[PDB]
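Right, one structure below, let's go through it.
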Amino acid sequence: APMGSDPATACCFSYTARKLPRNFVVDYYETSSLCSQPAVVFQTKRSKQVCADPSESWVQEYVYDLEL
Ligand SMILES: [Zn+2]
Ligand SMILES: [Zn+2]
Ligand SMILES: [Zn+2]
């Protein structure tokens with residue numbers, strides 16, 4: 001899951017290989033450009049924080065859905 005728990009500095013070294021159901025995703029943040037790779041981290045109803053590849057369409061669609 002990300003290394004660290006502060007959205008300002010936590011980094012992802014892998015991405016989820018499963019699609020998260022929209023009904024279980026409740027929040028997100030973007031990882032810092034200081035991290036080795038870009039990532040969105042989604043928080044879920046099971047209290048997980050899940051790294052995801054921002055180049056995937058569904059990740060972008062969920063981010064807009066949460067933000068706006
Ligand atoms: Zn939040
Ligand atoms: Zn779409
Ligand atoms: Zn904001």
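Residues are referred to by chain and number: the chain letter is A, B, ... according to the order shown in the structure tokens, the number counts from 1 in that chain, and ligands are numbered separately from 1 in the order shown.
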
Rows by chain and residue number, chain A within 9 Å of ligand 2, shortest pair, only C-alpha atoms and all ligand atoms, as CSV:
```
residue,atom,partner,partner_atom_place_in_ligand_line,distance
A:57,CA,ligand 2,1 (Zn),6.8
A:58,CA,ligand 2,1 (Zn),7.0
A:60,CA,ligand 2,1 (Zn),8.5
A:61,CA,ligand 2,1 (Zn),5.9
```

Exercise for the section: Mind listing the alpha helix (DSSP H) residues of chain A, per DSSP on the backbone, as a PyMOL selection string? Expected result: chain A and resi 57-67

So that I have them on file, write out the residues from the current selection with N, CA and C atoms, as a short mmCIF file (atom, residue, chain, number, x, y, z; two decimals), in the first residue's frame.
```
data_model
loop_
_atom_site.label_atom_id
_atom_site.label_comp_id
_atom_site.auth_asym_id
_atom_site.auth_seq_id
_atom_site.Cartn_x
_atom_site.Cartn_y
_atom_site.Cartn_z
N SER A 57 -7.93 4.96 -17.23
CA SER A 57 -9.06 5.84 -17.42
C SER A 57 -9.91 5.90 -16.18
N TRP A 58 -10.17 4.74 -15.62
CA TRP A 58 -11.07 4.68 -14.47
C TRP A 58 -10.51 5.43 -13.28
N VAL A 59 -9.17 5.48 -13.17
CA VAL A 59 -8.59 6.25 -12.03
C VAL A 59 -8.89 7.73 -12.18
N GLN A 60 -8.69 8.26 -13.39
CA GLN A 60 -9.06 9.66 -13.67
C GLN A 60 -10.55 9.94 -13.48
N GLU A 61 -11.42 9.02 -13.92
CA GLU A 61 -12.84 9.24 -13.85
C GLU A 61 -13.18 9.30 -12.37
N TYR A 62 -12.56 8.43 -11.56
CA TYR A 62 -12.96 8.44 -10.11
C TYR A 62 -12.47 9.66 -9.42
N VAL A 63 -11.26 10.11 -9.76
CA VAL A 63 -10.75 11.36 -9.19
C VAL A 63 -11.63 12.53 -9.47
N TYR A 64 -12.04 12.72 -10.71
CA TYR A 64 -13.01 13.82 -10.96
C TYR A 64 -14.29 13.67 -10.17
N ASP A 65 -14.78 12.43 -10.06
CA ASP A 65 -16.05 12.15 -9.36
C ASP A 65 -15.92 12.53 -7.90
N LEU A 66 -14.79 12.22 -7.31
CA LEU A 66 -14.57 12.57 -5.87
C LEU A 66 -14.36 14.07 -5.66
N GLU A 67 -13.61 14.67 -6.57
CA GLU A 67 -13.13 16.07 -6.36
C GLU A 67 -14.25 17.07 -6.59
#
```

Exercise for the section: Please extract the residues at most 7 Å from ligand 1, counting only C-alpha atoms and all ligand atoms, and provide them as a count of residues only, using the chain letters and residue numbers of this document. Expected result: 3

Exercise for the section: For residue 43 in chain A, list every protein, DNA or RNA residue within 8 Å, evaluated using only C-alpha atoms, and leave out those in the same chain fewer than 5 positions away; present the list as a ChimeraX atom specification. Expected result: /A:25-28,48-50

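Between CA of residue 16 in chain A and CA of residue 51 in chain A lies a distance of 5.8 Å.
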
Exercise for the section: Step one, run DSSP on the backbone; step two, keep only residues of chain A assigned to strand (DSSP E); then write them as a ChimeraX atom specification. Expected result: /A:25-30,40-44,49-52
